[PDB]
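# Geometric and topological summary
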Amino acid sequence: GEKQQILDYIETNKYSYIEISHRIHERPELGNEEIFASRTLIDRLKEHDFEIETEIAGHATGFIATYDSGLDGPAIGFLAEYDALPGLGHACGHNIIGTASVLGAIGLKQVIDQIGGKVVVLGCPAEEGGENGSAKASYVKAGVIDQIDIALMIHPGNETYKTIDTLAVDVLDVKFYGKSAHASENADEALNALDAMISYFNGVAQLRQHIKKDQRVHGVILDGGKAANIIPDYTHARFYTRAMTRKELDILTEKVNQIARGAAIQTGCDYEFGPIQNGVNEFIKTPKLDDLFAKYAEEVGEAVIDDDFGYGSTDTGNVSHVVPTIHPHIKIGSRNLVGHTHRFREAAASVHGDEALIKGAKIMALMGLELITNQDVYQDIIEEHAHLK
Amino acid sequence: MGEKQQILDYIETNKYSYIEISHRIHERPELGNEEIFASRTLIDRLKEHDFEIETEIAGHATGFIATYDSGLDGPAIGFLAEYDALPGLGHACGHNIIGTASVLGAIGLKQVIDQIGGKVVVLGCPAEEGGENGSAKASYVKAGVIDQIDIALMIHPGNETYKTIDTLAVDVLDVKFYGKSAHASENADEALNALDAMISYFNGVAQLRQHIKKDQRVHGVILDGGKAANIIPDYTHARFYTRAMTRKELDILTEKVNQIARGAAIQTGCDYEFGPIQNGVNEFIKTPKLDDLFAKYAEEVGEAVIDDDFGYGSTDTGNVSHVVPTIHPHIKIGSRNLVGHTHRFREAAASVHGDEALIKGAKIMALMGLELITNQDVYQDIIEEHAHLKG
Amino acid sequence: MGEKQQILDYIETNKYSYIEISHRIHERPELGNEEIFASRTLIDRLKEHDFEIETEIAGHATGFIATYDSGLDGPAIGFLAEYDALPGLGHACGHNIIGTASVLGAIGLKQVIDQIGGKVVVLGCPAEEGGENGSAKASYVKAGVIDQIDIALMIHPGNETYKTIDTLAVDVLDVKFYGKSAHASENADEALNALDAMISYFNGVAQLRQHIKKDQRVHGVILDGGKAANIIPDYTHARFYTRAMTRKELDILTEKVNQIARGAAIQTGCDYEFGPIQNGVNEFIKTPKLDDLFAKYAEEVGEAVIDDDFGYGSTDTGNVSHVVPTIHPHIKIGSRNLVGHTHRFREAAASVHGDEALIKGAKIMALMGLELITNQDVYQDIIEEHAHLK
Amino acid sequence: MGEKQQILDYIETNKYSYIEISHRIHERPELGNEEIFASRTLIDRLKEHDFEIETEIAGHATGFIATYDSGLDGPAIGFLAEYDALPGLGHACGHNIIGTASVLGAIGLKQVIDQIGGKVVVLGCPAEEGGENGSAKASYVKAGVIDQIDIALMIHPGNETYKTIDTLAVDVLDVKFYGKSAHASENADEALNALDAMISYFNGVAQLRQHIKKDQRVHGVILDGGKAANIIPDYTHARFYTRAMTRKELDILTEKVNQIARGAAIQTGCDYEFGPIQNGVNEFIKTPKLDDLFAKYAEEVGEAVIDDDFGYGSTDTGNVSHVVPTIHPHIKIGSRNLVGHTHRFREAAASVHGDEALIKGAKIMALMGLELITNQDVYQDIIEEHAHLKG
Ligand SMILES: [Zn+2]
Ligand SMILES: [Zn+2]
Ligand SMILES: [Zn+2]
Ligand SMILES: [Zn+2]
Ligand SMILES: [Zn+2]
Ligand SMILES: [Zn+2]
Ligand SMILES: [Zn+2]
Ligand SMILES: [Zn+2]
Ligand SMILES: [Zn+2]
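Parameters and conventions
All residue numbers given refer to positions from 1 along each chain's written sequence rather than to the entry's numbering, and residues for which no coordinates exist are omitted. Ligands are numbered from 1 and chains lettered from A, in the order in which they are written. Heavy atoms throughout the structure, all of them, feed into the side-chain values; hydrogens and water do not. We count a stretch as a helix when DSSP gives it H or I for four or more residues in a row; a strand needs E for two or more, and each element gets its number in order from the N terminus. Based on C-alpha atoms, the radius of gyration is set beside the globule rule, defined as 2.2 Å times the residue count to the power 0.38. Residue contacts follow a heavy-atom distance rule, with two residues in contact if any of their heavy atoms lie within 4.5 Å. For the area figures, the Shrake-Rupley method with a 1.4 Å probe applies, and any residue is considered shielded solely by the protein chains shown. As used throughout, the charge tally considers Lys and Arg to be positive and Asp and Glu to be negative, leaving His and the chain termini uncounted. A single reference atom marks each charge: NZ on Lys, CZ on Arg, CG on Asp, CD on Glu. Every case where a carboxyl oxygen of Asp or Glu lies within 4 Å of a side-chain nitrogen of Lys or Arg is listed as a salt bridge. Relative accessibility under 20% of the residue-type maximum defines a buried residue, over 50% an exposed one, and the middle range a partly exposed one, all with a 1.4 Å probe and only protein chains included. The donor set covers N, O and S atoms within 2.8 Å of the metal, switching to 3.2 Å for Na, K and Ca, and it leaves out water, so a site may look short of donors. A pair of strands counts as paired when DSSP detects no fewer than two bridges linking them. Only C-alpha atoms enter the line fits that serve as axes; for helices the fit covers just the stretch in contact. Angles between N-to-C directions range over 0 to 180 degrees. To estimate the expected span of a helix, count its residues, drop one, and scale the result by 1.5 Å. An arc is given here, and it is the one of the directions from the helix axis to the C-beta atoms. Using a 1.4 Å probe, buried area is obtained as the accessible area two parts lose upon being combined, added over both of them. Pairing of N or O atoms within 3.5 Å defines a polar contact, subject to two protein rules: one partner must be a possible hydrogen donor and the other a possible acceptor, and residues neighboring in sequence count only if both atoms are side-chain atoms. Note that the term roughly parallel is reserved for angles under 35 degrees, roughly antiparallel for angles over 145, roughly perpendicular for angles of 65 to 115, and oblique for everything else. By convention the crossing between two helices is left-handed if the near helix lies anticlockwise of the far one by an angle smaller than a right angle, and right-handed if it lies clockwise. Note that domain bounds follow an automatic or database assignment of domains. When the sulfur atoms of two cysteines come within 2.5 Å, that pair is taken as a disulfide. Here the aromatic set is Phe, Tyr and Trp, taking the six-membered ring for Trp, and pairing holds for ring centres within 6.5 Å; pairs whose planes are under 30 degrees apart are stacked, those over 60 apart are edge-to-face, and all others are tilted. By definition here, charges over rings are those cases where NZ of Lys or CZ of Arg is within 6 Å of the ring centre and within 35 degrees of the ring normal.

By the method listed in its record, X-ray crystallography, this PDB entry was determined to a resolution of 2.70 Å.

Listed below in structure tokens is the structure:
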């Protein structure tokens, strides 16, 4: 009876949610600027009696949607994403993610009055990163994920597969501050912020010999001075660093901090060096929770492929350090589909992409059913995760 | 006899008219090659006194040549008019005074020019502070415009009154590197790194400073150093000055900086561009007999001409001095503590002393032109001295 | 009806004569291209068994080719002898055993060679550890010395017994910069700075690392960086390595480093030299059917052939493997916890276990060559498989 | 007087004895702190004329103090003896002449010292060309050795005869980086790279040159930059000069270079050492009236004292000028085209003109000492001018 209601609702109303997906696809908004997308999803949740908190952990366009039955049972959380890319506009198919997670939440809410427990959608802006990007990183730090017990989600891809491993990433600004002087007449009175920057860059080049092969550090000079006749008192670069784990990355980023400090000391300058967004973490996978995903991926008619699909780089990792989380992919077209391409945006607004949205909503809604209904399958997952972390 | 008195009577009779022009250009500072109001205001005043006007000279829209010919034999006495402001500072070099002084000088001498013969010429010279397609006089020399005048006169407001200073040679240059972008994490091995090319160029310029002469300079900034942290740059852009005592010495220096760029390109597998954004300023060749003539009338008009080390300058009027006897002197507009390109200087350029400098300088120049036309021995001597010093 | 049995009877009856030779080479370590005792001791043993000797091969004074031809049609089976030690460690790679075992294996097969036809050849191969005019086998390949053999056999002592490993391509390079001196305080404007050129080269090499493949390496030191603080250096000298997975890839990587040097010279107005101080090592091309032959005899001789990731090597025997089917297998001389190029390894190259590994290797190689000559189908298949792969 | 004539008669009637001492030193050129033959040959001549000798001064084995004391009140007149040669060049600074002249001057004045009072002192000053524990006179000043003398006299052979030139302050510094080795192919990630530290220090010094005064210098070389290409270096070693107009300025400059090293260490994770390999050289404080006394006697002895710009020097005699009135003049030994530290200058320093200069300088210095002891008003005037000028 319980599975019937959830599927019936999603199947008779599919076109309504598919429509929300194209409406968001047509209006690509970048991270922390996704006003249309968050409102549209908030409305559908409010239309089905969800209690809405907006503006979460410093993210104006984030939300927490909640429907609580008032009965003991797990709080099953669905991660909604809805940010596009600059120039490419939804070439990661984030129109599907937010709509799929909302449709699944609302699908499950249909029976939550009966099974017990709670349903929650977390609207998570800026997953692609940037200034105050990676909202889920902020949520973990703010304690927003103490509100859920399990974090569900699906991502569109070139195939259907279980959660991939993911990497830790920092996005960092480097700034040097000196003292300007006319370069021809009195450069001996200057403290050269550009010499600091060049020296920092020489140092980062040298570092690459001595970091692990899985690690990355790359960046650009955003402000290199403005007048050729005047010694710069300010320069500004932006950098990424990347490691397999947060523990490893914290060590790696401190090495780069020290290259900046050293450059500062060489040149008599002062400096700032720090994150422009809360750091992204590696995924801690719960295999029994992906088993559950595969099971319903198959029951819904997808071939879940076992293969190396590479490493990801997503703030959903951060949520997996707190609670059992998934970040699987649903096929939305050719196996030659590559994320962040024009052909991938086209794919996210196609009939296959529309089908994946509905299949994703069904899969998640039915996992939520089994986690609240079953206490042995739920406890297996919770105990597995807490052992792996 | 009385031809000197007509010049002075004209200049002094309607001096306040010209002071107003100075103040109107001061209120509305315009940058190099953008001096629409200044050029037009000065062109209208020449046109009001029957000068034949040519506009848009040597690729400079806001440049002009204003000629009054008597139709009789004699020298062509040129007056250099400058009228560009500085960014954020707005006539902190007092160029409102220079253009107006030269116009008023030319028009003073114009009063008498039908009696004494020869020809008066105002050359409107924009963008002397430099920049993209800056230094109009450099373009003028190159285009043949300076063949129209026999002598080139000018005054420059300063912290004191002094004869022409030595000036330096300058190039202003763009360095651009061109590569092949790639995603930095995933596939940096199929990129050609234009920022690496730039850092290598910068490292090489630093090294070069050990091996250049102590009178030479090389300095610059990175205008484009990449835009996305996750993408390898395929384009970087820097802007540089190079300077030396002479144009001969500078062409050697700039070429060394060229090869530093080239080498950076070779190291990184990138391609490159390296060239001047403007024509290129030359060192002054001074004609001491011409500065003697200035000092003479500087004193007659009541200025104390100081003989001290007032440093080197760096002006496209040096380029004109390679063609014809040229002066680039200074007239006091206030405190000896006045430094050029400061807020105090801008305020000084609109004071009563700057207004007075303007009138005195016009008087000095008009009277030099009277004698250069009138006294053939004094003219011959200046022409021959200059010719010896360049030739 | 068994020529196999003569081979083993010879090696087994006078094995102690050969174990002596190994300990004599071991007591007297000689660095690459200085292996006077080793080369002569081995040459004297070959002369004792009717081998014809040519010495000084491909510009290597301590190299040789010992041939014994039956005069009958058949494959020329080559055995590689190595005999160079390391500075300070002195045979912590166990090259005392490699050269002895190959000479013993070739003399073992010589006992039967007049009957089965064909030819036995031993290539004395100095300086495999590398250095200046190092990697003798690289020179042999380039000199056409390997046209004289049809198959290249060898054994190396190791932490266990296994088949040929994959190896990597290496270049060993000199960078020299040539400028013009002047007094640094007084007239540095008349100088061309060979040290600024060097610093600029090093800065460029650092940048290169972001853009090379993860399996590749470039690393070096400054051997001459100027002598007087008050004189602008007119000369600087660095030594570098470059490494890739193939020789085709390494030629590209080394040329990138060539252009980094070249760019540095252009920046500073200096001149430059950039090139190898030794010929240059190549990736192994393995012939699995030849390693199979090894494993078959390895097991007949009592050894356990292990199949595991034993990592990558870097040896000039790879260069040989581009010309003819070649092996570079390992024979157990002690604990699995043995590491190459260490003090514990040198002691193991002269132990009872290392002695056993010599005779076992010598038997394995002699029997392999017996089969390569005798079995045309096995020979044909190994030659054709190598031919398809290269 | 009869005293003045005893002095000159001594120097003239056995000048060839001392010229031979100059040639034997020239024949056997010895580097700083290694001048065993020169110091001993000089010490033996002073021993012969009843001078008390102390050897090994302020940590310099080839240094000596040779004292002849009258036991009567009077100034203690110091004669600075130099005798170090250059590597590969022999005596291309003419130091063979310097020490012999000062010994012959000291001994000439010694003839009369028991009659006029006071004291004669020769300081044997090794390694003035510098290097490891170079510049003995820096060590002497620092050790209190110059409290033994009231005036310091000296002559230096040159292309002409002239008064003490201005001299510069110098530091010779070693830079060492300490890290942690690894196999470069395999384990680079557990290394700390002392060569990257050195490269980074050099890149930093290159950048500094834009920002040091035009009279300042910094230059060095890498003496150890690693030894095996397959191993990340755990040790590098460089040697540097820094230079400035004054010690006050040079300390600021040298500290800037220290911070460049510190920063390189911080970037690479290395440790470091930075410090001088010799006592630092200081700028000359000149006493004009002492040079006037030199010029007086130079002229008497047959020399033309030329007033002209002969550039800046760079010598540890400068250090002595901070304590007592000192001269560092030059005496002509050949063509005006002679340049120090060349083969021609070595050739000059053994020539007849060089021998003549030795005797003349000896005479000049001994006649200078006679007046300094004898004339209290000339002495006092020199002491009070030095005291004023040093501050
Ligand atoms: Zn994405
Ligand atoms: Zn995504
Ligand atoms: Zn367990
Ligand atoms: Zn200006
Ligand atoms: Zn101006
Ligand atoms: Zn080895
Ligand atoms: Zn080996
Ligand atoms: Zn010297
Ligand atoms: Zn000297």
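What follows concerns the overall build of chain A. Scanning chain A from terminus to terminus reveals 11 helices and 11 strands. In terms of C-alpha radius of gyration, chain A reaches 23 Å, essentially the compact-globule figure of 21 Å for 389 residues. Taken along the three principal axes of its C-alpha coordinates, chain A extends 85 × 45 × 40 Å. Put simply, 80% of the contacts in chain A that link residues at least 6 apart link residues at least 24 apart. With an accessible surface of roughly 14,400 Å², chain A has 46% of that area assigned to carbon and sulfur atoms. Placing the 35 positive and 58 negative side-chain charges of chain A at their respective mean positions leaves the two points 4 Å apart.

Moving on to the pattern of salt bridges. Evaluated as defined, the whole model comprises 80 salt bridges over all chains. A salt bridge links A:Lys118 to A:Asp68, with the shortest nitrogen-to-oxygen separation between them at 4.0 Å. Of this pair, A:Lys118 sits in strand β4 (residues 117-123) while A:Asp68 sits in strand β2 (residues 59-71), and the two are 50 residues apart along the sequence. You can call A:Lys118 partly exposed: its relative accessible area is 24%. Among the charged side chains, a salt-bridge network with shared partners connects D:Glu20, D:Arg24, D:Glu27 and D:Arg28.

All names here are of chain C. The protein atoms that coordinate the zinc ion (ligand 7) are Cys93 (SG), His95 (NE2) and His156 (NE2), at distances of 2.1 to 2.6 Å. In primary-sequence terms, the residues that donate to the zinc ion (ligand 7) follow C-x1-H-x60-H. Separating the zinc ion (ligand 7) from the zinc ion (ligand 6) is a gap of 3.4 Å, bridged by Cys93, which donates to each. With a gap of 61 residues between them, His95 in helix α4 (residues 95-116) and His156 in strand β6 (residues 156-158) connect regions that are remote in the sequence. For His95, a relative accessible area of 0% puts it in the buried group.

This part is about the sheet that holds strand β10 (residues 270-275) of chain A. All names here are of chain A. If you walk across this open sheet you meet the four strands as β8-β9-β7-β10, and the pairing is antiparallel. On the outer flanks of this sheet lie β8 (216-223) and β10, each paired with one strand and no other. Across the sheet, the mean angle from the axis of one strand to that of its neighbour is 20°, orientation sign disregarded. Where strand β7 (residues 168-177) lies against β10, six bridges are found, and the strand directions are antiparallel. Pairing of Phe176 across the sheet is with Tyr271, part of β10. Along the sheet face, helix α5 (residues 193-207) touches β7, β8, β9 (234-243) and β10 and points at about 15° away from the line of β9. On top of the sheet, helix α6 (residues 246-267) reaches β7, β8, β9 and β10; it is set at about 10° to β7, its chief contact.

On to helix α12 (residues 376-389) of chain C, then. Residues and elements named next belong to chain C. The end-to-end C-alpha distance of α12, which contains 14 residues, comes to 20 Å, matching closely the 20 Å that a straight helix rising 1.5 Å per residue would cover. Taken together, the buried positions of α12 are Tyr379, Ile382, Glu385 and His386. Buried positions in α12, seen along its axis, are confined to an arc of 140° and lie on one side of it. Across from the buried face of α12, at angles greater than 90 degrees, the exposed residues are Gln376, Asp377 and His388.

A word on the interface of chain C and chain B. Counting from both sides, the interface comprises 24 residues of chain C and, opposite them, 24 residues of chain B. For the chain C and chain B pair, buried surface summed over both sides reaches about 1,900 Å², with 45% attributable to carbon and sulfur atoms. Of all residues in chain C, C:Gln207, C:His211 and C:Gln267 bury the most surface against chain B, accounting for 35% of the area lost on that side. In this assembly, chain C and chain B are joined by zero salt bridges. If you look at where chain C meets chain B, you find 12 residue pairs in polar contact. No other element matches helix α7 (residues 247-268) of chain C, which puts eight residues into the side of chain C that touches chain B.

Residue and element names in this part refer to chain A. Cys92 (SG), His94 (NE2) and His155 (NE2) make up the full set of protein donors to the zinc ion (ligand 2), lying at 2.2 to 2.6 Å. One chain supplies every donor to the zinc ion (ligand 2), and in sequence these donors are spaced C-x1-H-x60-H. Between the zinc ion (ligand 2) and the zinc ion (ligand 1), a spacing of 3.5 Å is present, and a bridge between the two is formed by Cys92. Taking the relative accessible area as the measure of exposure, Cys92 reaches 10% and is therefore buried.

Okay, the packing of helix α2 (residues 15-27) of chain D against helix α3 (residues 36-48) of chain D next. All names here are of chain D. Axis separation between α2 and α3 bottoms out at 10 Å; the angle between their running directions is 165°. Here α2 is positioned roughly antiparallel relative to α3, judged by the angle of their axes. For the crossing formed where α2 meets α3, the hand is right-handed. Of α3, the residues touching α2 (which contributes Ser17, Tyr18, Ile21, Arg24 and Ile25) are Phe37, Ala38, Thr41, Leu42 and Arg45.

All names here are of chain A. As far as domains go, chain A holds domain 1 (1-165 + 284-389) and domain 2 (166-283). A C-alpha centroid distance of 36 Å is found between domain 1 and domain 2. Taken together, the 27 residues of domain 1 in the interface contact 13 residues of domain 2. The junction of domain 1 with domain 2 conceals about 1,500 Å² of combined surface from both sides, 53% of it contributed by carbon and sulfur atoms. Taken as a group, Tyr311, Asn318 and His321 account for 24% of the area that domain 1 buries against domain 2, more than any other trio of residues on that side. Inspection of the domain 1/domain 2 interface yields one salt bridge. A salt bridge links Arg238 to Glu131, with the shortest nitrogen-to-oxygen separation between them at 3.9 Å. Every element with two or more residues in the side of domain 1 that touches domain 2 is listed here: α4 (135-142) and α8 (316-320). Broken down by element, the side of domain 1 that touches domain 2 gets its largest block of residues, four residues, from α8.

Residue and element names in this part refer to chain C. One can read the domain layout of chain C as domain 1 (2-166 + 285-390) and domain 2 (167-284). The distance between the C-alpha centroids of domain 1 and domain 2 comes to 37 Å. Between domain 1 and domain 2, roughly 1,500 Å² of surface is buried when both sides are summed, and carbon and sulfur atoms account for 55% of that area. Seen at the junction of domain 1 and domain 2, the total is one salt bridge. Between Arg239 and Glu132 there is a salt bridge, with the nearest N and O atoms lying 3.3 Å from each other. Our count for the contact surface shared by domain 1 and domain 2 stands at eight residue pairs in polar contact. Of all the secondary structure elements, the ones that give two or more residues to the side of domain 1 that touches domain 2 are α5 (136-143) and α9 (317-321). Sort the elements by how many residues they give to the side of domain 1 that touches domain 2 and α9 lands first, with four residues.

Under the criterion given, the structure shown has zero disulfides over all chains. Here A:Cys124 is not cross-linked by a disulfide; its sulfur's nearest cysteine counterpart is in A:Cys92, at 14 Å.

What follows concerns the packing of aromatic side chains. Taken as a whole and judged by the stated rule, the model has 39 aromatic pairs over all chains. Taken together, a centroid distance of 6.0 Å and an interplanar angle of 85° make the contact between B:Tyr201 and B:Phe202 edge-to-face. Classification of B:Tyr201 by relative accessible area gives buried; the value is 0%. On the basis of relative accessible area, B:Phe202 is assigned to the buried category, the value being 10%. Members of the aromatic cluster, each reached through a chain of ring pairs, are A:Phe176, A:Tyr200, A:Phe201, A:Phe239 and A:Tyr271. The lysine or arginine in question, B:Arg45, covers the ring of B:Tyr18, its NZ or CZ lying 4.8 Å from the ring centre.

Further remarks concern the interface of chain C and chain D. In this assembly, 25 residues from chain C lie in contact with 25 residues from chain D. Buried surface at the junction of chain C and chain D, both sides included, amounts to about 2,000 Å², of which 59% is carbon and sulfur. Summed over the shared surface of chain C and chain D, the number is one salt bridge. Residue D:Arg243 is joined to C:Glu186 by a salt bridge in which the shortest nitrogen-to-oxygen separation is 3.9 Å.

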